[PDB]
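Structure record follows, encoded as structure tokens.
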Ligand SMILES: OC[C@H]1O[C@H](OC[C@H]2O[C@H](O[C@]3(CO)O[C@H](CO)[C@@H](O)[C@@H]3O)[C@H](O)[C@@H](O)[C@@H]2O)[C@H](O)[C@@H](O)[C@H]1O
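Residue numbers (the entry's author numbering), protein chains in the order written: chain A, 10 to 727; chain B, 10 to 727; chain C, 585 to 727; chain D, 147 to 292.
The structure is reproduced here in structure tokens:
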């Protein structure tokens, strides 16, 4: 009774064990069969108790599992926990049945990777049941044909007659037979998101998580098990990505016998879910990638999958517009005239989109006001949004708009009309982040209001781009529309609310390109990517700081979603002064755009901008849709390097960066990846090199002085 | 508004911040005053919300705290969590008052370090309160005078009108300003407890814990923060020791701004506690030790504190008897005359105590019955316990007894009479560990029964030693005597019951030496030490295996409590053969005893055994009550070495071990510690050497082949 | 050091095999093992002395050592594993292989048929054993 | 005369040197290594085989230092103490993957196996007869084969 999923060139094997226990067998490089699945030593481990008195070699404490519970002989951390009306927490899921079918189901009220044709994937659903309490859990497995991807999630259902309180409901859990690995997660903060941290495993618990109601800048919902010797170019890697934008827990526990349990899902902390008879609960999915091609092999799988089978809309496969954003340029101090007058210059430079950022609404002259009042400031924009958008359109420029619809200012019309529409708890002070509060997206009336309000704004002007921002994390989490026993469900219901709001709004406007934002990359997760196919990577726009942030972000997320802007110097976040050329090379390594005051630019700088725009337009398709290879890590030394390669490996773009200059420095050489050994490539300006020479020997690098230098080479097969 | 605790050579500083918030300031080497406590950048951190909207530079997400809560601006893991009747989990403790007095309070129904006189320590009680709900929390701080010891614990009291659910109640929490450390915990398993593991911190969460209802073989309730360069002999070390024998969480969280939060206490997992209006909850204490003299300096503080101010009873300061366990010589199948016959020759060898092991009661002919039926088996012991003991006494030997009162066999009179007296949950199969169930010590009827039954046994014979064992961990945790809303209090109430049972039984028999046991060192924790002055370290008695186990155990626990017995070869646990010489040396480096069939011993082996007993009596006071220094780590190489030094540094005993033999090996040397460099030392049978030479230069170790060797030097000042 | 005869043979059979000890001092049960050791080595001598050699586990990096010999056509192989110091209640052991044909199945003498990919990519579960200085050897033949 | 041989089926390059005095003066060879090669970079570990009697050829992996590292013999024999073999390996290279550069000396007497990293991060690997306590006179017409 063995289950065997074939994902790309990887195998995921499970089997039934004894009285309907579901056991994990193997996840790794594709094997035709796992014949030794039951041929392992059966031991009576001291202090591992027994559910079956007739066989003391069997314990749940020593069985590799797919969805373990605590209480009936397993002492490791459970993937789920349920409290009964009697107060006990013992549950006992046994195999009930299963089904296999081509394709991939939609998950209720949630984002998920999808397929366009049934042949793209295969789905396995294993239904488990606890007969005593009527609890049924359907474990969902999906294997893509094309990629080494296994997606996992679980669906709880109360088919009994009692109330069932879910204390914990993780999406997945898997017991590795050994624990000789390092783990990688992506810790950070505002202005420095997703730094790569590699650590050895400990005997105990290690976890990245979020209790912020948002996936957060502080810890990104991604962990990975990597072989001790694995790097960017080789070695076994096991990726775990969470398709959800709220609270999460990503945990690895190593037990007394050297087994490693990796579990991921909605953070159990401050979380409960009540299941009345007949009610169900669907967890978000976790996308699991195996690679033996090292970190690049893993990332390249995530890039393709997320770009073509998670991101949606009309712009999913379209090249993204080069934009100018006015936030760093003017902040709140702007008007219609200053924007329209500079637009002519912007069009001349080759810019394709003008984005009006924060401050266009209500009395938004600072960050302490008017959130929730999405009416145009007639003083700042006399002709309104429609006037500005049309003026901008006439110059051959698209018009974009910034919104932050999940928020409400205490000093606003909306809050004076509906003070109870925010997240709060009875009789407690309402803490503020950036002088704002969070709207209760768990309430339907609030969600209905937002959908209608924002739709009116988006329909009042020829807007073809929206920047959906969110600049605060939840405190005093609660809702006045939920009973006491469902209060702990507030944070998740909020996220379900937001997903529904975004789904409806984005579907009402198929011609709009939505970019998600959260004070930078505070919600750069797969869940948001499903609703908005690109993201503002970070508020830190410094070329050097962006080396780490973009390198780290590229670990999971496709370049097409990674927004990057050239900003002014001295940089507004760190004060660093880098040349325009270097700033361009870093921004052109992502979703290229601008964010600076053009009226303060010299003719030389404006002329360099025009050439930057022309160049990026020439390599845009390659950058945003080509294959990405990381070459030199800014976390390991003084250099950063990467390259983009087309599908047929005929064209390539190479980018190199050295931050700190060293006097009388050694000669440097860059080796490339992903090129065809049997072909020659003309490096633009250098000469014809062999594909093998560029990969096995590398190219000598020009000796250069000064800090923060950059170099780009266009490669073309000959 | 600065609190300054002064413990030995250490300082612990706190201050009131703004509107009655309690902030952490400093914990380290003693300073007269911390004048820069408020002189730090008051920064506005992005996404760190403000309890006061007017001031963006204040946030609980960025305040170093003493007892942090979640929900009102802090996003790090909290020290405590309370759920209200309205479903919310938001609380807000503010400073109310504080009291300072000489001495140290006893904790209600719990073990704790103590004082014999007021002047030994100073206690600070900070009273916090959430006026909205009438929740009063008293933070208890005690600072010893002669030791760098700070003890912390919290006492909850509901002075409100509504009921409150503690979802989490840790004993302490502390935020270090920086996080550039490693951490040390003691993972393990049965037969290999408390191995030392040193790991670098991760930006995120690390933890050691136990969900087994017992402190466990798998993770000892102890963690430490150590400086990156700290070793056994030098460097800053911060130790955390939990005085509790049930479930625990020992966690270190590192946040976005390089802060490290260390928190410890009863495991929040599967735990709640209901506070009706007027009810209290006292947490166990955590003992916090600082040292700048490496891991030895930390351990030596723990050893002295725990041996003289935690352990209790008539045997606290008394030398512990060399005992023999005749278990492996007969197993269950023994009788009165078989015991008295071998006891005669054991008295000839110099043994002082004979321990009658499992099988003496009910129908214990195997490990499958009779647990709970604590009456003398008249088939095996026709003259009862009193008959056997008095025969043992008239040989000059003490009589000891083995019991396991926390357990009940399904096949027993007790279970047939009271099947509901075990830990269980309705309608669920009662899982067994080693063919037995666990008695529900959360109930008073069970506790009162055990107390009386065990007392009758201990009073029926001249028994001066009791080995209290427990060979199974809790499953299906629940109580038929508890209402559904208190079910999750079962495990903790179990431990409170066991603490009360042990307390009353040990009180009734002051002339008895109690040794706690749990399949080896399954509860080798400070809580048990309070009730029983010594503990059986491990069921693995193999000399080489014992090196790591004893090295690790000594990190927190004194040698006086660390049982070590000589056993037969080939070893029953690993199958290793090591000579009796080294088996003796390993065991003499702890609380010495024997566990082997003497009838199967050769005349050579019986000769050496006589010398070992004679030798240990000479060095017993030094080993059991001297200062302990670790010299070579079995976790770091092929060797192991440690030494005992008297308080006046006039005597010392050195032990050295080498595991694998190396052909044509380099000459080895061993540097000592703890000696007075001004004096010269007589090494018996070797010569006189200066203390400086022994410490700064070292002793040349004799070249020797064959595996698993050992050496012992006796040192005496001139 | 006192190691078993099986262990010593397994180590010596991983090189140019021979003997250097006093046969007159050996027991009868020991002599019968020598006969088997000599016989066994002859069966695999060509493979051992002329096959392709792969190191799997380093004794410089831990408590284990393991290597294997593979025929030039990858149809025959021989695997040796060694653990030095035993530990009580030890975790389960697994050994991955190298140099096998992935597209073929192999029959391990004493165990059964296993896929070549399975042995190399998943590995094989090792028997739980106590006592110091242990060794195991397995002949592999493609089906 | 620098001698290079490249095998067809194996990744093997062999190197040796042949001296010859065609002039009219005496020539004393103070040093005559078999080969020497300059790597463009020095980001490698190095492996050599140190040992003793009863424990020959233990594997030792070390990072490179900026300066001189060497395994050698002055015993008139290749010796137990150091085997005439060194290797440059990539930092992440192991038994099953990664770039490795082996250097094996076909000689049974004294040897010098040296790696030298200079100020510009290049790594000079040189091997041959140990120059220590070694000279060789070449009269006009005489030759020397390494
Ligand atoms: O409002 C437009 C702006 O909003 C988003 O980001 C704003 C970002 O800025 C703040 O960071 C700072 C740093 O301390 O915080 C203070 C005030 O809170 C500001 O002076 C300063 O900028 C906020 O704290 C963050 O909450 C917030 O993320 C968006 O990312 C921007 O692109 C832009 O649209």
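Here a beta-carbon is modelled for each residue, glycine too, at the ideal position from N, C-alpha and C.
Asked: Counting only Cβ pairs nearer than 8 Å, list the residues of chain A close to residue 186 of chain D.; Found: 676, 678
Asked: Compute the minimum distance between the beta carbon of residue 545 of chain A and the heavy atoms of ligand 1, and state whether it is under 7 Å.; Found: yes
Asked: Taking only runs of the beta strand (DSSP E) that begin and end inside the region 209-261 of chain B, which ones reach a length of at least 3 residues, in chain order?; Found: 214-219, 228-236, 246-251
Asked: Since residue 475 of chain B and residue 409 of chain B should fall inside the 8 Å C-beta cutoff, what is the C-beta to C-beta distance between them, to a whole number of angstroms?; Found: 7 Å
Asked: Distance check for residue 278 of chain A and residue 600 of chain A, CA to CA, integer angstroms please.; Found: 36 Å
Asked: Just to confirm, is the Cβ distance from residue 561 of chain B to residue 602 of chain B under 8 Å?; Found: no
Asked: Closer than 7 Å between beta carbons: that is the criterion. Which residues of the region 224-238 of chain B meet it against chain A?; Found: 226, 227, 228
Asked: Against chain D, does residue 302 of chain A count as a neighbour if the rule is that its beta carbon must be under 8 Å from one of theirs?; Found: no
Asked: Determine the extent of the beta strand (DSSP E) in which residue 109 of chain B is found, giving its start and end residues.; Found: 103-111
Asked: Would you tell me roughly how many angstroms separate the C-alpha atoms of residue 670 of chain C and residue 557 of chain B, rounded to the nearest one?; Found: 13 Å
Asked: Between the region 707-726 of chain C and the region 666-681 of chain C, are three or more C-beta pairs nearer than 8 Å?; Found: yes
Asked: Does the CB of residue 673 of chain B have a neighbour CB from chain D at under 8 Å?; Found: yes
Asked: At least one CB of chain A closer than 8 Å to the CB of residue 240 of chain D: is that the case?; Found: yes
Asked: Examine the Cβ distances between the region 196-205 of chain B and the region 538-554 of chain B and report whether three or more of them are shorter than 8 Å.; Found: yes
Asked: Rounded to whole angstroms, what is the Cα-Cα separation between residue 239 of chain B and residue 706 of chain B?; Found: 22 Å
Asked: Quick check on the DSSP output: the alpha helix (DSSP H) that includes residue 593 of chain A runs from which residue to which?; Found: 589-596
Asked: Could you check if residue 370 of chain A belongs to the surroundings of ligand 1, using beta carbon to heavy atom distance under 7 Å?; Found: no
Asked: Mind checking whether the beta-carbon of residue 55 of chain B lies closer than 7 Å to any heavy atom of ligand 1?; Found: yes
Asked: Residues in the same chain with beta-carbon distance under 7 Å from residue 92 of chain A, minus the five sequence neighbours each way, listed in chain order, please.; Found: 98, 174, 176
Asked: Measure from the C-beta of residue 442 of chain B to each C-beta in chain A and report whether the shortest distance is under 8 Å.; Found: yes
Asked: Taking 8 Å as the cut-off, decide whether the C-beta atoms of residue 347 of chain B and residue 354 of chain B are in contact.; Found: no
Asked: Just to confirm the assignment: which complete alpha helix (DSSP H) runs, minimum length 4, are found wholly within the region 400-477 of chain B?; Found: 422-426, 453-468
Asked: Counting only beta-carbon atoms, is residue 326 of chain A nearer than 8 Å to chain B?; Found: no
Asked: Counting only beta-carbon separations shorter than 8 Å, does residue 626 of chain C have a partner in chain D?; Found: no
Asked: How big is the Cα-Cα spacing for residue 34 of chain B and residue 305 of chain B?; Found: 26 Å
Asked: Taking just the CA atoms, how far does residue 654 of chain B sit from residue 683 of chain B?; Found: 7 Å
Asked: What are the complete alpha helix (DSSP H) segments, minimum 4 residues, inside the region 165-190 of chain A?; Found: none
Asked: List the residues of chain A that residue 197 of chain B touches, going by C-beta distances under 9 Å, in chain order.; Found: 212, 265
Asked: Do residue 172 of chain B and residue 147 of chain B have their beta-carbon atoms positioned less than 8 Å apart in this structure?; Found: no
Asked: Under three-state DSSP, which class holds residue 336 of chain A?; Found: helix
Asked: Which runs of the beta strand (DSSP E), 3 residues or longer, sit entirely within the region 76-103 of chain A?; Found: 89-92
Asked: Please tell me whether residue 500 of chain B and residue 486 of chain B are closer than 8 Å, where the distance is taken between their beta carbons.; Found: yes
Asked: With 16 as the cutoff for other CB atoms within 10 Å, does residue 289 of chain A come out buried or exposed?; Found: exposed
Asked: Could you check what DSSP says for residue 539 of chain A in three-state terms: helix, strand or coil?; Found: helix
Asked: Return helix, strand or coil for residue 38 of chain B, following the three-state DSSP convention.; Found: strand
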